[PDB]
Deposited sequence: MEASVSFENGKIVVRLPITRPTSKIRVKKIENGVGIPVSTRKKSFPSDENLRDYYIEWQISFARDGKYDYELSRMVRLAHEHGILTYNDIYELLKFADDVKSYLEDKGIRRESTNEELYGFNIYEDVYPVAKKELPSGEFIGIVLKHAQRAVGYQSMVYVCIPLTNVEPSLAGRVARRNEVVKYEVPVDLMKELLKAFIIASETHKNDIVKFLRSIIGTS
């Protein structure tokens, strides 16, 4: 449960109860500088097997071409509120998340955190697979678009990988 792949269940929003159980996977794109780990493996393996076609990469490359805003551009903002809690000033930290559900049940989430060790932000992609649910083809394509809309760093990393295959 302490890995990037862990099983959780929906309780208070955070038999037929087996739909509430899902696997959360903190999925990566690259490792060791080369694009042959997790997602980049699925994508190349599917592109080699004809599961992903030549036209499938254009749609992703063209879609990447059209993208200007990214999730990290929203950033984390600490908003002042005019409230006082017995001499303590109250604020609100606004974290932005992008969510997308797939017809088969799987969710894709992209969350933002303050860039550790550096100044800026760090974005991460998650896939939540129900225990009632193998990788659908549309899953692989939305995971790529997840990384393409996360940050320009991740987008340039995805664009660079697609032109290779």
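Unmodelled regions of the deposited chain, listed from N- to C-terminal end, are 1 to 20, 35 to 47, 167 to 184, 217 to 220.
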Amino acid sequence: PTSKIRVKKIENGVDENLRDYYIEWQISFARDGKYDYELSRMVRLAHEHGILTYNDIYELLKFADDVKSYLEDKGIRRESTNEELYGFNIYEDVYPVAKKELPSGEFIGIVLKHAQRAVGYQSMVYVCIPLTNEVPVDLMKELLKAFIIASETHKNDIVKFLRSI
From here on, numbers count along this sequence of modelled residues.
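The mean Cα B-factor in the deposited entry runs higher for 67 to 75 than for the other of 87 to 95 and 67 to 75.
Remark: stretch with higher mean C-alpha B factor among 36 to 44 and 108 to 116 is 36 to 44. Across 129, 52, 124, 102, the greatest Cα temperature factor reported in the deposited entry is at 52.
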